[PDB]
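Report on the structure given below.
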Amino acid sequence: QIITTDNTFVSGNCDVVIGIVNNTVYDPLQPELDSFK
Amino acid sequence: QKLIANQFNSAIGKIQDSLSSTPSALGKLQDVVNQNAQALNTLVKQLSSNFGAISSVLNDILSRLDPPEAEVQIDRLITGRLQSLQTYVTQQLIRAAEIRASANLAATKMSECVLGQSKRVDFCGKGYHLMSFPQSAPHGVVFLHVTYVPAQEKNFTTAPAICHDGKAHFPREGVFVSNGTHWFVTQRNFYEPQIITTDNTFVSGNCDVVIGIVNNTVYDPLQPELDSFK
Amino acid sequence: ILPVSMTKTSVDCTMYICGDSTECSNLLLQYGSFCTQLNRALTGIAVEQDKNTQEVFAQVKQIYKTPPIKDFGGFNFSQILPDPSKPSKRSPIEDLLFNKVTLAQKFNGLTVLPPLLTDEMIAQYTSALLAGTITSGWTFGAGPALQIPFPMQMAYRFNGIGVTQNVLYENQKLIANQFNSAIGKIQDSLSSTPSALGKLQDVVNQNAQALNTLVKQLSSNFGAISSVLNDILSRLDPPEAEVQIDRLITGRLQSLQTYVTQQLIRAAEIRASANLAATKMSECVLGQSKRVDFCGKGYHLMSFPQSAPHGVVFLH
Amino acid sequence: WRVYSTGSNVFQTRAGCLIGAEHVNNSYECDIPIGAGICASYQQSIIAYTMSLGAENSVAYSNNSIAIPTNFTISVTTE
Ligand SMILES: *[C@@H]1O[C@H](CO)[C@@H](O[C@@H]2O[C@H](CO)[C@@H](O)[C@H](O)[C@H]2NC(C)=O)[C@H](O)[C@H]1NC(C)=O
Ligand SMILES: *[C@@H]1O[C@H](CO)[C@@H](O[C@@H]2O[C@H](CO)[C@@H](O)[C@H](O)[C@H]2NC(C)=O)[C@H](O)[C@H]1NC(C)=O
Ligand SMILES: *[C@@H]1O[C@H](CO)[C@@H](O[C@@H]2O[C@H](CO)[C@@H](O)[C@H](O)[C@H]2NC(C)=O)[C@H](O)[C@H]1NC(C)=O
Ligand SMILES: *[C@@H]1O[C@H](CO)[C@@H](O[C@@H]2O[C@H](CO)[C@@H](O)[C@H](O)[C@H]2NC(C)=O)[C@H](O)[C@H]1NC(C)=O
Ligand SMILES: *[C@@H]1O[C@H](CO)[C@@H](O[C@@H]2O[C@H](CO)[C@@H](O)[C@H](O)[C@H]2NC(C)=O)[C@H](O)[C@H]1NC(C)=O
Ligand SMILES: *[C@@H]1O[C@H](CO)[C@@H](O[C@@H]2O[C@H](CO)[C@@H](O)[C@H](O)[C@H]2NC(C)=O)[C@H](O)[C@H]1NC(C)=O
Ligand SMILES: *[C@@H]1O[C@H](CO)[C@@H](O[C@@H]2O[C@H](CO)[C@@H](O)[C@H](O)[C@H]2NC(C)=O)[C@H](O)[C@H]1NC(C)=O
Ligand SMILES: *[C@@H]1O[C@H](CO)[C@@H](O)[C@H](O)[C@H]1NC(C)=O
Ligand SMILES: *[C@@H]1O[C@H](CO)[C@@H](O)[C@H](O)[C@H]1NC(C)=O
Ligand SMILES: *[C@@H]1O[C@H](CO)[C@@H](O)[C@H](O)[C@H]1NC(C)=O
């Protein structure tokens, strides 16, 4: 499944965890809020 | 909380009367005590048995056949008594093994039920297990398993999944149930229907694949807020 | 495969040892409680066998019955549910198991009490458990039975092992076909080798061997001039034949003591296995187990019990 | 030991000869275990019957019906 902020939770900055890798994470709320406000 | 407290208090009360009235409730301990006492008594009672000798009293042998021949009667009595002691010790060893198995089971029950919560469905009494309390007994341990027994079920008609704009919605936790005209999602062990939302469910695949889908609308909590601010 | 019980044997210690001879019975009485203690121990292990079956099978307060309109979402339990066609209510795999185990006759002193629960009743209990775990999932083992459509029940069992629901429904046909193929393969798997039922047949063989050794011991003499008491009484007058009779008494009683000790040890072993079978019946079929190897090689779903002569057969 | 040789109450079972207890066609739960699935119980008489393994209960089942509880009951069980 494509990564979203719904099936993913947040903790801390990007330095403390080894093996961290960059990528984008889709947001299911931003496009609609931008479209309609 | 009030109802749970009242039910728990009533049960903890009634268990006392359950133990008091029934005359055979504690049979598993009385069996052990009776078996041990009976084995000891039948050991002692065997002391007066003859084992094929002119007498069963020791001193009488020493005053009725003279040392040259009374040794034979003494030997016969010795063999008989030693055999009886052998049988008693072997019975005790087997019973001690049985009690060791029971005590290991009791230790496992203490560790799992009392010190935690066990998902083993029928390890701690009928019903799902909530907690337990131990109680000492003269030659054993008495538990008080506190179990959650559901009751007062009622019929509903379900579908494995909900179709809405062709996307197969499934319940995140629980199961879809219908009261006849509407649809609801509920925790699987209690009837607390909640309106179906995109947060209560999740999606996968599409319509055509699942076997028992039904048609319904799925609420979307973002829509009212977005429409409030156009 | 798990054994749960062995044949309930009993021996008439006095009649066995003395062999109808009244004077020998009078002489043996001097020994005291040996002949009562042996009988009591044999009775004690005899009752425990009924206890084992009642503990393993009677896990349910009611006798459930599977519905007539069989629509289990494509799953086909024909090979596991009871078969109406046979004179007995045994299921096909149960029938194969009953055929695969074969033989305790009338002797001097020995007797074999019938089990408290006949094969028909045990098959009925197993059918009750099977219908309960088919229609109601796991609820019926911990309260009043709640019906639930079987495909949905399996969908929730998947959710119990970390695989989301939607993997089942989108693959229901494949799951059904695999399950039916495996269930159908169990029959020929059992029929393939005589060694499949090794435990139950071994239990029966060991019991028969112990009984035969106990009976065959009579042909021995333990240092006496003969094995038959009538010969002893014919050859010697009572004051001299008493020693020979005592010799035979000690020998036969020692043999009986050895047999009873062996039976006690085997009773402890089989009762341990019956407690294990009871734990498996409570945990696997009535529910689901997170014990990663307690219920078959792999992640676990619901099981089905089956009755076998002197044991159970689980389909994990 | 000619006592209990009456012919009005002599019965035969797979568990053995049973004397005195009157046989009945009904069925009940276990009270006293005779062998081979027969149990004897008191009633102004003694009766011996074939075992009943619990009242029959059939779960209404279909491909689209569920049943979820609407209440609970706590309970305590000794062991
Ligand atoms: C992943 O993203 C982080 C954050 O943007 C990158 O870290 C920066 O990399 C640039 C490379 O020119 C440096 O100049 C910065 O100093 C880094 N830190 C920050 C805070 O910007 C990182 O390079 C990216 N790639 C990987 C493989 O980690
Ligand atoms: C099934 O549930 C629905 C839920 O919508 C019930 O319909 C509601 O009933 C209440 C009763 O006070 C009304 O106030 C609502 O207005 C009804 N909903 C709508 C949309 O009008 C329905 O009564 C329930 N039926 C059964 C048999 O349980
Ligand atoms: C459950 O079984 C019933 C009856 O076997 C099925 O009902 C049929 O469903 C089809 C497809 O929707 C209809 O065309 C028929 O008219 C229905 N017949 C009857 C008598 O109801 C039902 O589809 C089954 N549902 C599931 C999920 O298996
Ligand atoms: C559930 O809804 C779907 C979509 O509205 C129905 O499928 C449509 O059925 C009509 C029947 O005239 C067809 O004309 C459409 O082409 C169908 N569309 C799709 C996408 O399949 C479906 O019949 C409904 N089923 C039930 C049980 O209500
Ligand atoms: C479920 O499995 C049973 C297997 O016992 C199938 O019964 C067979 O059906 C075919 C066709 O009717 C017969 O030729 C066989 O003799 C049957 N028995 C066996 C052992 O193969 C049954 O058809 C399957 N399906 C259903 C719906 O019951
Ligand atoms: C997953 O594995 C199963 C086999 O365990 C596959 O099912 C087989 O699929 C082939 C090709 O479609 C058929 O010829 C066989 O008859 C199928 N066997 C059974 C028992 O169904 C299944 O296709 C695999 N899944 C995927 C996505 O490849
Ligand atoms: C769940 O069951 C309990 C009883 O086990 C119900 O509690 C009773 O409720 C009635 C009506 O309010 C009272 O008159 C009784 O005194 C209560 N019993 C006890 C022991 O407190 C409870 O109402 C049930 N829940 C529902 C939703 O019906
Ligand atoms: C271990 O992982 C790091 C990145 O997470 C990588 O740079 C490194 O090469 C890895 N080590 C080995 C032995 O693969
Ligand atoms: C559901 O309805 C059927 C038919 O009316 C009934 O027999 C059954 O008892 C109901 N379910 C429950 C749990 O009572
Ligand atoms: C009881 O059942 C048997 C067998 O079905 C039958 O012969 C008999 O008439 C019935 N009634 C009585 C009183 O025995």
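Ordering of the structure tokens sets the chain letters (A, B, ...); residue numbers start at 1 within each chain; ligands are numbered from 1 in the order shown.
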> How would you write, as a list in words, the set of residues no farther than 9 Å from ligand 4 when counting only C-alpha atoms and all ligand atoms?
Replying inline: residues 163, 164, 165, 166, 207, 208, 213, 214, 215 and 216 of chain B
>> Please check the contacts: residues of chain D at most 8 Å away from chain C, using only C-alpha atoms, listed as a VMD selection string.
In response: chain D and resid 15 33 to 38 53 to 68
Those selected residues, please, written with N, CA and C atoms and delivered as a PDB file, in the first residue's frame.
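In the end it all went to result_7.pdb:
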ATOM      1  N   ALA D  15     -23.685 -53.932  30.681  1.00  0.00           N
ATOM      2  CA  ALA D  15     -22.790 -53.794  31.819  1.00  0.00           C
ATOM      3  C   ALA D  15     -22.897 -54.953  32.795  1.00  0.00           C
ATOM      4  N   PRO D  33     -22.869 -44.099  38.080  1.00  0.00           N
ATOM      5  CA  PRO D  33     -22.340 -44.738  36.867  1.00  0.00           C
ATOM      6  C   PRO D  33     -22.358 -46.256  36.952  1.00  0.00           C
ATOM      7  N   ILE D  34     -23.269 -46.878  36.204  1.00  0.00           N
ATOM      8  CA  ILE D  34     -23.119 -48.276  35.819  1.00  0.00           C
ATOM      9  C   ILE D  34     -22.229 -48.265  34.588  1.00  0.00           C
ATOM     10  N   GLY D  35     -21.724 -49.418  34.183  1.00  0.00           N
ATOM     11  CA  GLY D  35     -20.918 -49.474  32.983  1.00  0.00           C
ATOM     12  C   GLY D  35     -21.740 -49.281  31.719  1.00  0.00           C
ATOM     13  N   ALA D  36     -21.021 -49.102  30.612  1.00  0.00           N
ATOM     14  CA  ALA D  36     -21.591 -49.125  29.264  1.00  0.00           C
ATOM     15  C   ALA D  36     -22.767 -48.165  29.115  1.00  0.00           C
ATOM     16  N   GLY D  37     -22.583 -46.949  29.612  1.00  0.00           N
ATOM     17  CA  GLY D  37     -23.531 -45.887  29.342  1.00  0.00           C
ATOM     18  C   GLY D  37     -24.912 -46.066  29.927  1.00  0.00           C
ATOM     19  N   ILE D  38     -25.017 -46.664  31.106  1.00  0.00           N
ATOM     20  CA  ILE D  38     -26.271 -46.740  31.842  1.00  0.00           C
ATOM     21  C   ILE D  38     -26.037 -46.152  33.222  1.00  0.00           C
ATOM     22  N   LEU D  53     -26.680 -36.966  27.003  1.00  0.00           N
ATOM     23  CA  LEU D  53     -25.433 -36.215  26.948  1.00  0.00           C
ATOM     24  C   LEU D  53     -25.649 -34.709  26.944  1.00  0.00           C
ATOM     25  N   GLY D  54     -26.736 -34.232  27.540  1.00  0.00           N
ATOM     26  CA  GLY D  54     -27.035 -32.816  27.537  1.00  0.00           C
ATOM     27  C   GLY D  54     -28.164 -32.498  26.584  1.00  0.00           C
ATOM     28  N   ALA D  55     -29.012 -31.542  26.956  1.00  0.00           N
ATOM     29  CA  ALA D  55     -30.168 -31.209  26.137  1.00  0.00           C
ATOM     30  C   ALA D  55     -29.733 -30.764  24.748  1.00  0.00           C
ATOM     31  N   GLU D  56     -30.467 -31.216  23.737  1.00  0.00           N
ATOM     32  CA  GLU D  56     -30.156 -30.830  22.369  1.00  0.00           C
ATOM     33  C   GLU D  56     -30.403 -29.341  22.166  1.00  0.00           C
ATOM     34  N   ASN D  57     -29.448 -28.679  21.522  1.00  0.00           N
ATOM     35  CA  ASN D  57     -29.553 -27.264  21.201  1.00  0.00           C
ATOM     36  C   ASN D  57     -29.008 -27.054  19.799  1.00  0.00           C
ATOM     37  N   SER D  58     -29.807 -26.432  18.941  1.00  0.00           N
ATOM     38  CA  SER D  58     -29.428 -26.182  17.559  1.00  0.00           C
ATOM     39  C   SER D  58     -29.271 -24.685  17.353  1.00  0.00           C
ATOM     40  N   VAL D  59     -28.140 -24.284  16.783  1.00  0.00           N
ATOM     41  CA  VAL D  59     -27.848 -22.883  16.517  1.00  0.00           C
ATOM     42  C   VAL D  59     -28.413 -22.524  15.152  1.00  0.00           C
ATOM     43  N   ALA D  60     -29.297 -21.533  15.119  1.00  0.00           N
ATOM     44  CA  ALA D  60     -29.820 -21.059  13.847  1.00  0.00           C
ATOM     45  C   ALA D  60     -28.686 -20.455  13.033  1.00  0.00           C
ATOM     46  N   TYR D  61     -28.477 -20.975  11.827  1.00  0.00           N
ATOM     47  CA  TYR D  61     -27.309 -20.619  11.040  1.00  0.00           C
ATOM     48  C   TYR D  61     -27.719 -20.336   9.605  1.00  0.00           C
ATOM     49  N   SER D  62     -27.023 -19.390   8.985  1.00  0.00           N
ATOM     50  CA  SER D  62     -27.209 -19.067   7.578  1.00  0.00           C
ATOM     51  C   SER D  62     -25.953 -18.354   7.110  1.00  0.00           C
ATOM     52  N   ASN D  63     -25.882 -18.095   5.806  1.00  0.00           N
ATOM     53  CA  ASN D  63     -24.667 -17.477   5.295  1.00  0.00           C
ATOM     54  C   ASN D  63     -24.572 -15.992   5.617  1.00  0.00           C
ATOM     55  N   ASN D  64     -25.615 -15.382   6.197  1.00  0.00           N
ATOM     56  CA  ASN D  64     -25.569 -13.948   6.454  1.00  0.00           C
ATOM     57  C   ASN D  64     -26.151 -13.545   7.808  1.00  0.00           C
ATOM     58  N   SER D  65     -26.084 -14.402   8.823  1.00  0.00           N
ATOM     59  CA  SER D  65     -26.623 -14.083  10.139  1.00  0.00           C
ATOM     60  C   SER D  65     -25.527 -14.129  11.191  1.00  0.00           C
ATOM     61  N   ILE D  66     -25.540 -13.147  12.094  1.00  0.00           N
ATOM     62  CA  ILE D  66     -24.616 -13.078  13.217  1.00  0.00           C
ATOM     63  C   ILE D  66     -25.427 -12.936  14.495  1.00  0.00           C
ATOM     64  N   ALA D  67     -24.749 -13.108  15.626  1.00  0.00           N
ATOM     65  CA  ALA D  67     -25.367 -12.886  16.925  1.00  0.00           C
ATOM     66  C   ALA D  67     -24.298 -12.374  17.872  1.00  0.00           C
ATOM     67  N   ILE D  68     -24.436 -11.130  18.317  1.00  0.00           N
ATOM     68  CA  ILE D  68     -23.472 -10.534  19.236  1.00  0.00           C
ATOM     69  C   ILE D  68     -24.177 -10.224  20.549  1.00  0.00           C
TER      70      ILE D  68
END
>> Which residues are near ligand 7 in this structure, taking near to mean any atom at most 7 Å from a ligand atom and counting only C-alpha atoms and all ligand atoms? Format them as a ChimeraX atom specification.
In response: /B:3,6-7 /D:70-73
> What residues have any atom no more than 10 Å from ligand 2 when counting only C-alpha atoms and all ligand atoms, and can you list them as a list in words?
Replying inline: residues 156, 178, 179, 180, 181, 182, 183, 184, 193, 194 and 195 of chain B
Which protein, DNA or RNA residues have an atom within 7 Å of ligand 5, counting only C-alpha atoms and all ligand atoms, as a tab-separated table (two decimals) with C-alpha atoms, in the first residue's frame?
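This is the output file out_15.tsv:
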chain	number	residue	atom	x	y	z
C	76	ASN	CA	-16.81	-28.75	2.39
C	77	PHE	CA	-16.78	-30.53	5.77
C	78	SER	CA	-18.21	-33.76	4.36
C	79	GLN	CA	-15.13	-35.77	5.32
>> What's the separation between CA of residue 17 in chain B and CA of residue 144 in chain B, in Å to one decimal place?
In response: 13.9 Å
>> Set the cut-off to 9 Å and count only C-alpha atoms: what are the residues of chain B that reach chain C? Output as number ranges by chain.
In response: B: 42, 45-46, 48-53, 80, 84, 87, 90-91, 94, 97-98, 101, 119-123, 125-128, 148-155, 158-161, 168, 170-172, 174-175, 203-205, 209-211
Write out as a Markdown table the residues of chain D that have any atom within 10 Å of an atom of ligand 10, one row each with the nearest atom pair and its distance in Å to one decimal, counting only C-alpha atoms and all ligand atoms, sorted by chain and then rising number.
| residue | atom | partner | partner_atom_place_in_ligand_line | distance |
| --- | --- | --- | --- | --- |
| D:23 | CA | ligand 10 | 14 (O) | 7.7 |
| D:24 | CA | ligand 10 | 14 (O) | 6.7 |
| D:25 | CA | ligand 10 | 1 (C) | 4.9 |
| D:26 | CA | ligand 10 | 1 (C) | 8.4 |
Once you have the residues from the selection above, write them out as a PDB file, in the first residue's frame, restricted to N, CA and C atoms.
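Output file selection.pdb follows:
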ATOM      1  N   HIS D  23     -36.133 -50.572  34.932  1.00  0.00           N
ATOM      2  CA  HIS D  23     -35.698 -49.933  33.698  1.00  0.00           C
ATOM      3  C   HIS D  23     -36.774 -48.993  33.174  1.00  0.00           C
ATOM      4  N   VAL D  24     -36.344 -47.856  32.629  1.00  0.00           N
ATOM      5  CA  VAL D  24     -37.257 -46.851  32.103  1.00  0.00           C
ATOM      6  C   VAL D  24     -36.821 -46.469  30.697  1.00  0.00           C
ATOM      7  N   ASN D  25     -37.784 -46.001  29.903  1.00  0.00           N
ATOM      8  CA  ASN D  25     -37.532 -45.589  28.529  1.00  0.00           C
ATOM      9  C   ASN D  25     -37.150 -44.123  28.403  1.00  0.00           C
ATOM     10  N   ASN D  26     -37.196 -43.366  29.491  1.00  0.00           N
ATOM     11  CA  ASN D  26     -36.857 -41.952  29.460  1.00  0.00           C
ATOM     12  C   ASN D  26     -35.337 -41.808  29.435  1.00  0.00           C
TER      13      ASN D  26
END
>> I want to know what sits within 9 Å of range 16-26 of chain A, based on only C-alpha atoms, with residues of the same chain fewer than 2 positions away left out; could you give that as a ChimeraX atom specification?
In response: /A:2-5,12-14,28,30
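For the choices B:93, B:222, B:131, B:57, the atom-to-atom distance to chain A is smallest for B:222 when using only C-alpha atoms.
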> Skipping near chain neighbours, those fewer than 5 positions away, what residues fall within 10 Å of range 216-220 of chain C using only C-alpha atoms, listed as a VMD selection string?
Replying inline: chain C and resid 16 to 17 210 to 211 226 to 228 248 251 to 252 255 to 256
Residue selection dump (C-alpha atoms) as a short mmCIF file (atom, residue, chain, number, x, y, z; two decimals), in the first residue's frame:
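Okay, again20.cif is ready:
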data_model
loop_
_atom_site.label_atom_id
_atom_site.label_comp_id
_atom_site.auth_asym_id
_atom_site.auth_seq_id
_atom_site.Cartn_x
_atom_site.Cartn_y
_atom_site.Cartn_z
CA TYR C 16 -6.71 -65.62 41.10
CA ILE C 17 -3.92 -66.64 43.48
CA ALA C 210 1.05 -57.25 30.48
CA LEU C 211 -2.18 -59.24 30.84
CA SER C 226 4.48 -78.67 40.66
CA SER C 227 2.38 -75.81 39.33
CA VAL C 228 -1.12 -77.18 40.09
CA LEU C 248 3.30 -70.89 45.29
CA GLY C 251 5.41 -66.47 43.85
CA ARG C 252 1.96 -65.72 42.44
CA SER C 255 3.82 -61.67 40.06
CA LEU C 256 0.54 -59.88 40.75
#
Test item: chain B residues at most 9 Å from chain A, counting only C-alpha atoms, as a PDB file with N, CA and C atoms, in the first residue's frame:
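The result, written out as selection.pdb:
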ATOM      1  N   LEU B 222     -14.420  14.371   7.308  1.00  0.00           N
ATOM      2  CA  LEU B 222     -13.765  15.563   6.780  1.00  0.00           C
ATOM      3  C   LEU B 222     -14.726  16.419   5.966  1.00  0.00           C
ATOM      4  N   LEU B 226     -14.988  20.517   5.959  1.00  0.00           N
ATOM      5  CA  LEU B 226     -14.564  21.199   4.741  1.00  0.00           C
ATOM      6  C   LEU B 226     -15.685  22.058   4.170  1.00  0.00           C
ATOM      7  N   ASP B 227     -16.922  21.555   4.209  1.00  0.00           N
ATOM      8  CA  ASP B 227     -18.048  22.326   3.693  1.00  0.00           C
ATOM      9  C   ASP B 227     -18.381  23.506   4.596  1.00  0.00           C
ATOM     10  N   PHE B 229     -16.173  25.448   6.008  1.00  0.00           N
ATOM     11  CA  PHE B 229     -15.272  26.465   5.487  1.00  0.00           C
ATOM     12  C   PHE B 229     -15.206  26.450   3.964  1.00  0.00           C
ATOM     13  N   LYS B 230     -16.279  26.005   3.309  1.00  0.00           N
ATOM     14  CA  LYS B 230     -16.387  25.877   1.849  1.00  0.00           C
ATOM     15  C   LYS B 230     -15.094  25.417   1.177  1.00  0.00           C
TER      16      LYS B 230
END
> Which residue, C:88, C:104, C:316, C:25, has the smallest gap to residue 215 in chain C when you use only C-alpha atoms?
Replying inline: C:104
>> Which residues are near ligand 6 - at most 9 Å, using only C-alpha atoms and all ligand atoms? Format: as a ChimeraX atom specification.
In response: /C:171,173-179,181
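Distances to chain D were evaluated for B:79, B:63, B:157, B:9 using only C-alpha atoms, and the minimum falls at B:157.
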